[PDB]
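Derivation of every value follows stated rules applied to the coordinates shown; laboratory data play no part. Please note: Cβ atoms are built from the backbone with ideal geometry, for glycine as well, and neighbour counts cover all protein chains shown.
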Amino acid sequence: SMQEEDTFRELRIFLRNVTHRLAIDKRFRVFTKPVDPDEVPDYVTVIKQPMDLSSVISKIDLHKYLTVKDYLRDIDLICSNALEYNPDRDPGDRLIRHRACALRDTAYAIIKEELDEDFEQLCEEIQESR
Ligand SMILES: COC(=O)c1cc(N)cc(-c2c(C)noc2C)c1
Ligand SMILES: [Cl-]
């Protein structure tokens, strides 16, 4: 219905705002664009599903997220990819892992504070009905 399309449009608006707030945070700069193959050529061979915040914005706009849970799966993938690819003890790896965990935790905390659980539930029920 038009009511349902309005619900998904509101979801997109909400997700874009959250993603923008993550993307402008200087700690998360490394997650704002895909990893550069020129710089890291083995990335695309090791990490099977690359994800970054620009790709997340693209996916919102393509209506790929019908629930906050679908969205958080991609935030989680940004984080898990960084933990997997940078697992070492050295400071460079430890810094990126800390930032990756912060990205994930920040996204979850924004959603916890600002998403009404009944709004998420409605999205889930519309999605499940399709
Ligand atoms: C576009 O992404 C970057 O600018 C960038 C920069 C650094 N220093 C590391 C990484 C990176 C990520 C994210 N995951 O593994 C590496 C290496 C990406
Ligand atoms: Cl830095």
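Picking from residues in the range 27-38 that are farther than 19 Å from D93 by Cβ and of a type in the set (D, E, K, R), the one that is nearest to the chain's Cα centre (by Cα) is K33.
Residue-by-condition table, conditions (1) surrounded by 14 or more Cβ atoms within 10 Å (Cβ to Cβ); (2) within 28 Å of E125 (Cβ to Cβ); (3) within 16 Å of ligand 2 (Cβ to nearest atom):
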position	(1), (2), (3)
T7	yes, yes, no
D25	yes, no, yes
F28	yes, no, yes
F31	yes, no, yes
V35	yes, no, yes
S54	yes, no, no
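Annotation note: Cβ proximity below 7 Å between a residue of the range 104-130 that is touching a residue at least 24 places away in the same chain (Cβ under 8 Å) and a residue that is acidic (D, E) (sequence gap 6+ or interchain) occurs for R104/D76; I126/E4. Please verify whether the range 80-100 includes one or more residues that are within 14 Å of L22 (Cα to Cα), more than 16 Å from ligand 2 (Cβ to nearest atom) and in a helix (DSSP H, G or I). No - not one qualifying residue is present in the range 80-100. Considering only residues that are of a type in the set (A, V, I, L, M), assigned to a helix (DSSP H, G or I) and more than 16 Å from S80 (Cα to Cα), which ones fall in the range 20-53? Once the filter is applied, which keeps residues that are of a type in the set (A, V, I, L, M), assigned to a helix (DSSP H, G or I) and more than 16 Å from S80 (Cα to Cα), the range 20-53 yields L22, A23. Just one residue in the set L11, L15, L77, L66 is under 21 Å from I111 (Cα atoms), within 16 Å of ligand 1 (Cβ to nearest atom), hydrophobic (A, V, I, L, M, F, W, C) and surrounded by 17 or more Cβ atoms within 10 Å (Cβ to Cβ); that residue is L77. Contact map, the range 60-78: first residue on the phi > 0 side of the Ramachandran plot, second residue surrounded by fewer than 20 Cβ atoms within 10 Å (Cβ to Cβ), Cβ cut-off under 8 Å, separation 6 or more or different chains; pairs are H63/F8; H63/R12.
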